[PDB]
Ligand SMILES: *[C@H]1O[C@H](CO)[C@@H](O)[C@H](O)[C@@H]1O
Ligand SMILES: *[C@H]1O[C@H](CO)[C@@H](O)[C@H](O)[C@@H]1O
């Protein structure tokens, strides 16, 4: 019981090899008296098969009926094909035969025999071995021969039964029929059974098999996509009639089962009679298990995709400690409505999609291919092929305007007559914008002769120039990625140092200095002279030898009061108790940084 | 010309709606506005079989009821929400102005409202680079559907979706300040789409710029990209659509080949329908038409609003395009030279000579279509003019 959702499955799971009268005989026999049942089976495998996955070859009869199918959904005529052809097909399985028998014992008899379940099952296991299987055999047990039941049937446990049912699949029907109990087969031959076994390899039946939806099969007919989707829908509706939810409940936790147009009742152990109403005083219970009502009719499609269905746990709503029914009270699937069409009820067929670029193939037609627009322009009118004598009109991109003959004409040639056309125009647009900067004024289009001003936040200034102007269709010219605002020396650290490790330590003279600061002039106590030196390199050398190397004078070293003075400046250096150091190495004890 | 109508029923459902949950309540009412825009603008009052004149007014009644119905989701500060207690949502706010703008045509709106509602988004929900942000209390919404997206990819969807609202209803509150807001935003979409992240992202983005400057260098670059991703059945194409995918994103599953595409190709259709490139558009509406059968239905109202505005725009692009011209050629000073009435039946009326040397003036009054005027002039010049010759000859 997993009818379910999508529904493909394996046949190890059902374990009901039950024919029309295979199950029905058993149910109908079960009404005669409180009955228990003993199953015995033996598989006889012949071969496996794997149905190849794609390009399957369908039958004439089927392809036929699969065609006389209307386009518009019609539950009536669609259901038809399931009745006739089925629901699933074998991807894989086995072929052969099964010795399969169901034995019917009156539970009063078994209680009289007193055997344990394990005993009873075994007496049938070993008795079959002696009686039908023909093998020189495991030694019998007089436990199975001289108990109170077997004793009344020539020592046989099997002959004790009211009857047996055959679920034998396979082989020649002559030999099979004999293995079922009959007085005619009643003095039958073990010979029979071995002969049947050969028969089974010459006349097998499908057992132990995997399935897949019959619908996946219909893939290359006239209207595949139409009829295949028409059928999945039809598949749902078809499923509902088959369900036994509609059966009214059976008197005694009896689980009602459908076959065809009728519900015959399946009885709980210790009950019998036509609808499991009768019980021998052995049945000692009134607990009832819950079972679903049938589903609801779908709620009309909604404000959302959403739609609603419902059951309630009431067919045999639970009582005095019966099992609560298990599943869904409710069901949301999403749904739709049909809006656009009137005419067709269309036919799409399993076509094959393709990205447009990849198919470029025919010229027999002799129209001209798409031509080449001129720089800064475009064709107003796209096609793959243009008929000979068609015009296509060239216009220009934004900020440029047409100058001259605006048309190409398609020649029988296959060639284009090409116009006197240009895209001169001077209206600069908003340049290649780097997230960092912000232009001013901010417009969609700029006029020939208007200037923009690139500005950045406070700590920063522009890498390239700050003012571009709009001339001969270009600016003068914007970086297009070569321009943003980064501040020198990318808790700020003093002019001698740089930040490297979230702690202010000196920049190395050799390494970090490279970017061209001003030529400075500096005095050196170790040299007792001076040298002109880059600034970066100086502010490093402060760290190391500052007490040796002083700041002197901006610009390259040069004579004047400037020089004689800076000399004095750091000759009077010793006595000075207070040296400030803003941009200069120091400010005198007497001076203020300004 | 291709047929793109609606089943008599379809409309019936849309107008009737379903009722109960506040949830999707709004979703309940949006369609009527579109089914009106399409029904009035493309004239089609006639479909009914009953009395079209009063039927028009019956929808109007439903349309004004529904108009205030949306207002329910408007906040204090004029920003739209699902629940006042709920939260103000940048998403829905844009989606309101989009619904309102289309309706404003034939149902006059509260002007001052529309404005403050606009100024909310712009003054509060726009980065320094034009792009818009969803406010918070972020909520997956059933109506929203495919809108959810990953990485910046959602900034793009939203910026473009809110651009669309603001474009749609700009008419009603033309503000110097929000035109600027449009400029900054548009630039984002151009300058930040190109290396395309999703088909769905490509398409709305394309569509949003499609409602702006449709001649722009970057824009036509973008449109080309989209136009190159397209799917076709039969070559030359009979059917055209777009699937949402990237080369990284493949699994043996039904879901990836998922409807999202109807929405994305609907945005493509709408993009090109603005470009008035009917040649491109035809296999799409045939297919979108054909889509209901292949599609089953449009999963959620979001795409169904766009599909309808598609079918609307097309049936009224056809109308613009039909040739009913009335051209006149004349001399500016000397007499009337001839002039020809040109139609579907009698296009390319003639060629005629130019007799006299008076400025030529070719000129139609109001009429509908597309006509081409060529003025091929024939002249003779001597050999030794710089024009032609560069050398001194004798023989
Ligand atoms: C609930 O009932 C309906 C109708 O039989 C089915 O759709 C479903 O399979 C379940 O049995
Ligand atoms: C409703 O369906 C469930 C299984 O889905 C059962 O537990 C119950 O008996 C009834 O058929």
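First residue shown is number 1, and so on along the chain.
Method of determination (from the header): X-ray crystallography, 4.2 Å.
Cβ coordinates are placed from backbone N, Cα and C, and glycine is handled just like the others.
As recorded in Swiss-Prot:
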{"type": "DISULFID", "residues": "B:115-B:173", "note": "disulfide bond"}
{"type": "CARBOHYD", "residues": "B:129", "note": "N-linked glycosylation site"}
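When the alpha carbons of residue B:129 (N-linked glycosylation site) and residue B:173 (disulfide bond) are compared, the span between them is 23 angstrom.
Contact annotation for chain A: of the listed recorded positions (B:115, B:129, B:173), B:129 place their CB atoms under 8 A from a CB atom of that chain. Applying an 8 A CB threshold to same-chain residues 6+ apart, the list for residue B:115 (disulfide bond) reads B:172, B:173, B:175. According to DSSP, residue B:173 (disulfide bond) is assigned to coil rather than to any helix or strand. In the three-state DSSP scheme, residue B:115 (disulfide bond) falls into the helix class. All protein chains considered, the CB of residue B:173 (disulfide bond) has 19 other CB atoms within 10 Å.
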